[PDB]
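> Here it is: the structure, laid out below.
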Amino acid sequence: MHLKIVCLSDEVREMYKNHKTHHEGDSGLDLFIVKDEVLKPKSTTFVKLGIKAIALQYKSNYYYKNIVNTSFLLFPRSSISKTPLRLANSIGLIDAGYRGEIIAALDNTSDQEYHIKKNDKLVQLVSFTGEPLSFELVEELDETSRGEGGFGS
Amino acid sequence: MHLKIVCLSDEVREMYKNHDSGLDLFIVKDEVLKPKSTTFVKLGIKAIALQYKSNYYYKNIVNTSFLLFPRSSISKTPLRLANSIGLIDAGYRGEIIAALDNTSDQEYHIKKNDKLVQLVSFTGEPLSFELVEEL
Amino acid sequence: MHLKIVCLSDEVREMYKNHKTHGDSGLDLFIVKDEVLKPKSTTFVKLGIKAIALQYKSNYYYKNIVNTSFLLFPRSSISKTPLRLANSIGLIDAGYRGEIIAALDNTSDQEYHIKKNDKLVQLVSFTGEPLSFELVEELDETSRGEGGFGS
Ligand SMILES: O=c1ccn([C@H]2C[C@H](O)[C@@H](CNC(c3ccccc3)c3ccccc3)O2)c(=O)[nH]1
Ligand SMILES: O=c1ccn([C@H]2C[C@H](O)[C@@H](CNC(c3ccccc3)c3ccccc3)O2)c(=O)[nH]1
Ligand SMILES: O=c1ccn([C@H]2C[C@H](O)[C@@H](CNC(c3ccccc3)c3ccccc3)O2)c(=O)[nH]1
């Protein structure tokens with residue numbers, strides 16, 4: 001599976017240009033926390049990840065009664081387990097047509113505020129097939145304004 | 001992936017007659033979830049999933065296993081799916097149930113027509129469905 | 001999907017030789033020793049096994065049998081307990097050689113006793129295809145694979 005990722009700021013672009021934990025073969029792509037943020041105790045926070053993405057896979061014939069955009073998954077990283085933060089929707093399902101910012105809905109199970117920091121890695125993108133992932137940085141996902149493409153401001 | 005769905009009452013049939021990687025499932029009856037609880041919420045349907053046969057390593061159409069995901073909008077409630085993602089094995093013929101944890105210190109009211117969970121294929125392929133009398 | 005499983009003790013080998021729970025999409029994994037989980041805690045519970053998953057090679061877009069990634073799911077029956085899988089679903093990458101661990105949140109205000117033979121989690125293929133398994137002594141020639149020259 002190949003991800004095309006639009007970074008929503010120069011700061012975010014710099015993070016993904018120097019991605020330090022992605023290796024050839026990996027089934028998950030770590031995503032960064034992109035801004036220091038305080039998560040309220042016993043709360044759900046919709047944490048913006050500063051990127052938009054599409055996933056590309058080979059077309060397949062499927063029962064329903066070359067390369068195509070496909071749905072993909074947002075998993076917690078195993079290392080989230082040492083924190084009090086949990087993914088509210090368990091596993092995120094990003095449909096093939098979504099052009100919005102990728103968000104992690106994080107439950108803070110602690111009675112204390114939780115500080116997340118730029119460069120923390122709490123979630124990862126994954127293919128439905130679990131196949132190795134590649135990615136590249138692009139300026140737009142498609143021609144639409146939500147896709148960050150097309151004419152004008 | 002194609003689902004054949006048995007609705008377990010005419011009220012439920014009505015909901016699915018008047019109903020993409022996930023197929024939203026409805027809460028089919030108003031219900032109060034106790035504070036700090038797990039409730040097995042019955043969804044009033046049985047279902048089998050059909051996909052093309054594949055050669056797999058071990059040791060035309062087949063019924064296959066499928067998944068029960070939370071909807072992303074569950075996040076806006078205090079309810080969480082207890083078993084994370086439900087696995088419905090190919091052999092299952094029972095009613096589909098969502099095990100919902102109410103993390104609130106107060107009771108939570110779910111209503112008929114609420115959509116908290118969805119059925120998903122292992123491949124994330126588009127889903128179709130039809131209503132049947134029998135699996 | 002076919003799993004090659006290394007059991008890390010004879011006690012664990014005894015369990016998997018006599019499985020009893022296993023065309024199924026999930027392979028149940030055992031709790032392998034009695035353990036007490038503290039209240040309001042996350043415990044990294046060691047499952048006493050290492051495992052590689054094998055599938056037929058498939059062509060994938062990226063810019064005969066192979067090692068493949070696989071998943072650690074809670075069992076549906078975990079729902080009746082106060083235990084929850086901290087990371088939702090575990091992702092085990094192709095060829096991973098460490099002991100498989102279940103990170104379990106005890107959401108109770110009471111300590112929770114897990115017991116040898118309890119089944120709380122299961123291994124699952126990304127395709128949901130039936131699973132087979134066999135017991136092996138090593139995954140590869142490396143010490144982390146439990147193989148190769150000893151001492
Ligand atoms: O885990 C997910 C799952 C889906 N989506 C995409 C596809 C979905 O179509 C979209 C839903 N946005 C919701 C929202 C709800 C739960 C988790 C994330 C996002 C939302 C955004 C901002 C505030 C409050 C809720 O996000 C996502 O970004 N992350
Ligand atoms: O999330 C799931 C996972 C599996 N199943 C199917 C296939 C599994 O083989 C089966 C387990 N049924 C149990 C049960 C226990 C926990 C969560 C859901 C369901 C049950 C049966 C009767 C009453 C109340 C609960 O349900 C399901 O309906 N939902
Ligand atoms: O649920 C999972 C997911 C991945 N892994 C494998 C593949 C992952 O690559 C690996 C992550 N190991 C971590 C760890 C952290 C949380 C939960 C489990 C495992 C670890 C354990 C003990 C000490 C230090 C770290 O475990 C696993 O054993 N169980």
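Each chain in the structure tokens gets a letter, A, B and so on, in the order shown; residues start at 1 in every chain, and ligands are counted from 1 in the order they appear.
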As a quick test: using only C-alpha atoms and all ligand atoms, which residues lie no more than 12 Å away from ligand 1? Give them as an NGL selection string.

(:A and (31 or 44-54 or 71-76 or 86-107 or 123-126)) or (:B and (20-22 or 69-77 or 116))

> Residues within 7 Å of ligand 3, counting only C-alpha atoms and all ligand atoms: report them as a PyMOL selection string.

(chain A and resi 78-79+81) or (chain C and resi 44+72+87+89-93+96+98-103)

> Show me a table, sorted first by chain and then by increasing residue number, of the residues of chain B having an atom at most 6 Å from ligand 2, each with its shortest atom pair and the distance in Å to one decimal, counting only C-alpha atoms and all ligand atoms and written as CSV.


```
residue,atom,partner,partner_atom_place_in_ligand_line,distance
B:40,CA,ligand 2,24 (C),5.4
B:68,CA,ligand 2,1 (O),5.8
B:86,CA,ligand 2,1 (O),3.3
B:87,CA,ligand 2,3 (C),4.8
B:88,CA,ligand 2,7 (C),4.4
B:92,CA,ligand 2,9 (O),5.8
B:96,CA,ligand 2,28 (O),3.6
B:97,CA,ligand 2,28 (O),3.8
B:98,CA,ligand 2,29 (N),5.2
B:99,CA,ligand 2,17 (C),4.7
```

> What's around stretch 58-66 of chain A at 10 Å? Count only C-alpha atoms, leave out sequence neighbours fewer than 2 positions away in its own chain, and write the answer as a PyMOL selection string.

(chain A and resi 1-2+56+68-70) or (chain B and resi 1-3+50-53+60-61+123+125-130) or (chain C and resi 59-62)

> Between B:85, B:45, B:5, B:62, which one has atoms that come closest to chain A, using only C-alpha atoms?

B:85
